[PDB]
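Below sits a lone chain in structure tokens, taken as the form deposited in one PDB entry.
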């Protein structure tokens, strides 16, 4: 819906000041502290302050561990979602490791974890990376480390052949059944801001409700997970004895081998005796210190299930291109230059693909910077050359690197929108509600209602504006005319849309007779206007930008 805005008057000039005590900036390169009239889409301006972000060359060494900032982990610095998961797949090989490990056959043995590839890619929002330097199972590198192996049920042991001297059946580890049934562990998902916990079996009424098993280390991007039910089968041998009996010559041995006992046939020439043929598989053990005291039986095989829960950790991170943000502004009658870096900045690769800044005009600024068109980005709170806070986000690929789209995303996820770029001139000056009011960064009902300023048709449509929402006004600079004999004017719009005013500054911009400086850089703060004017020579060479300060009567 459209809303007419009447021109209520012309604010006169109360004073004009020069600014000849500042670093010289090339009219060809731009002002280091004053935003150009073409940069409204990069700001939520608050004064004569300018920012610029640069991206450092980077490699796989510049890592950002997954340290999620949550109610449970308020010290984390990652705002983007990430939910990796995987399983311990059961097969002869992995089962070997688990078996040798739980039975103490070798404490170095460990099964390799199988992460779900897609969960690591994380939809590229952002693309995550597994830190394979975190651990190694022998010659194999892996981003996962099994912390605890817990058999669901006590590990069984098989008996051995009775001891010659003791006549006692020993013990040994069951034997993995190669052609047995393998069950994969359940789904193991990593958590970073709390420990893995199992319901306290005694919960109602005794505390605590849950029992922590293992803990993650979010600062190092280490998550914690539980992979239940890893299963495989083993063969257990139980010694099942059969009676041993004696007979003596002349009695004869059975015509057929014995199957339910062993018979020992004694003679005169051999009072000790010799056993009658017995079914293969039967084991006879003659006690050495009393051969006439032997026992017999078989080591019968039994198939059994071995289930184990495995708790493990995983190390993750994403690439994070070091940044360098220049933050310069005017104050105390001089220019304050400030620089700050994030990460191990080395050499500049380029300027940041996207960057929007909300400033207070005094070195204060909260910004959103994405080195690329998608992926890792930083929501940064800063003051001068000091980084107060940093929270990372990720720009979805579905934005196709669209400034307009990104603007809305940043608006919706971070409450930031370039309020300084709404003014435009076609047949008349116009600006959507959102920017004019400059209070709600998000799109919404009435947010796109158009405020059209009556009596502004004389201005050129190619005029460019950068506005400053302060107090009752939205002050935007750069209403230019097709006729240079007509000096640029500053526009003062009421944020309630009641009406607007212009401020003719033809005098302040007057260099020669019938010749004025154009407004190319503009800012408004504390009721003071700051102007920057491009400059060149008769020949056409770039010169230092002209800086003035103009105070309007309000």
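Residue numbers count along the first chain shown, from 1. Here the rigid core means the biggest group of C-alpha atoms that line up within 1.5 Å when the two forms are laid on top of each other.
Enquirer: Taking the mean of the C-alpha B-factors per stretch from the entry, tell me the winner out of 505 to 513 and 485 to 493.
Expert: Higher mean C-alpha B-factor in the PDB entry: 505 to 513.
Enquirer: Read off the CA B-factors in the entry, average them over 289 to 297 and over 392 to 400, and name the higher stretch.
Expert: If you average the C-alpha B-factors of 289 to 297 and of 392 to 400, the larger mean comes out for 289 to 297.
Enquirer: Whose CA atom has the top B-factor in the entry, of 412, 344, 87, 160?
Expert: That would be 160.
Enquirer: Specify which of 454, 109, 268, 424 carries the largest Cα B factor in the deposited PDB entry.
Expert: The listed residue with the largest C-alpha B-factor is 268.
Enquirer: Can you tell me which third, lowest, middle or highest, the CA B-factor of residue 50 falls into for its chain?
Expert: Middle third, going by the recorded CA B-factors of the chain.
Enquirer: Going by the recorded CA B-factors, say which third of the chain residue 35 sits in, lowest, middle or highest.
Expert: Its C-alpha B-factor belongs to the middle third of this chain's values.
Enquirer: Taking the C-alpha B-factors as the PDB entry records them, is residue 101 in the lowest, middle or highest third of its chain?
Expert: It belongs to the middle third of the chain when residues are ordered by C-alpha B-factor.
Enquirer: How does the C-alpha B factor of residue 429 compare with the rest of the chain: lowest, middle or highest third?
Expert: Within its chain, residue 429 is a lowest-third residue by C-alpha B-factor, going by the deposited values.
Enquirer: Looking at the temperature factor on the CA atom of residue 256, which third of the chain's modelled residues does it land in?
Expert: According to the entry, residue 256 has a C-alpha B-factor in the chain's highest third.
A second form of this protein, the form deposited in another entry, is not displayed here; the remarks below concern that form.
Enquirer: Align on the core first; then indicate which of 281, 446, 195, 208 has a CA shift of 2 angstroms or more between this form and the one not shown.
Expert: Going through each option, the one that shifts is 281.
Enquirer: Once the two forms are fit on the core, has residue 117 moved its CA by at least 2 Å between this form and the one not shown?
Expert: Where the cores coincide, residue 117 shows only a C-alpha shift between this form and the one not shown that is less than 2 Å.
Enquirer: Is it true that residue 292 shifts between this form and the one not shown by 2 Å or more at the Cα, once the core is aligned?
Expert: The answer is yes; the displacement is at least 2 Å.
Enquirer: For residue 387, does the CA position differ by 2 Å or more between this form and the one not shown when the superposition is done on the rigid core?
Expert: Not so; residue 387 is displaced by less than 2 Å.
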